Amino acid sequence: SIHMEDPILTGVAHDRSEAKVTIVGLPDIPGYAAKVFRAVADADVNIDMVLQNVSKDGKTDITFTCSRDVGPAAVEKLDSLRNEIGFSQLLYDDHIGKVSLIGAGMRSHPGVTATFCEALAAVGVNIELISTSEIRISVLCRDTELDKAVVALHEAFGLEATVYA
């Protein structure tokens, strides 16, 4: 029923079934993200997280996650289009764990982002990728570390919905 000034934290979700594909060296000009995502959609591949940060104007990288089971079809589809897309490498990592703090009103609580990263750091978990929104802080880590990341996060946030002050 909670589904207010402080964030609402509802759980720690954990996913062992994804792979990360990174398109490296994409021209940073209009229509290149489109080529990548249409190609992946054309091959009927379902993507989860997508991230594209700051560029080297110039060239940049695009990472997305998808199911391990379709990871190779996505990479093959993309490479079949290397000329049109113009990338220099594709990176593939099928040994990722995805761990998220799930919630609502999680925005402008950097203090919450910090607490998340401190708890993983306290148990030696390296954060490979971060994406946030209103409803989730998600990070990738080695799938081996996923268990302790989940326990760390439970402890750090006291986790039934929680209003976290």
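All residue numbers are counted from 1 along the displayed sequence.
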(message) Our gap detector needs a label for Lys56 to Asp57. Which class matches the unmodelled residues of the deposited sequence there: none, 1 to 3, 4 to 9, or 10 or more?
(response) 1 to 3
(request) Select one of none, 1 to 3, 4 to 9, or 10 or more to describe the deposited residues without coordinates separating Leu159 and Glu160. (result) 4 to 9
(request) Pick out which of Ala43, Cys66, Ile130, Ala34 has the highest C-alpha B-factor in the PDB entry. (result) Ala43
(message) Lowest, middle or highest third: which one holds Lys20 when the chain's residues are ordered by CA B-factor from the entry?
(response) lowest
(request) Using the B-factors in the PDB entry, rank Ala122's C-alpha atom against the chain and give the third, lowest, middle or highest. (result) highest
(request) Taking the chain's C-alpha temperature factors as the reference, tell me which third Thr115 falls into: lowest, middle or highest. (result) middle
(request) Quick one: classify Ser108 as lowest, middle or highest third of the chain based on its Cα B-factor. (result) highest
(message) Considering every modelled residue of the chain and its Cα B-factor in the PDB entry, is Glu84 in the lowest, middle or highest third?
(response) highest
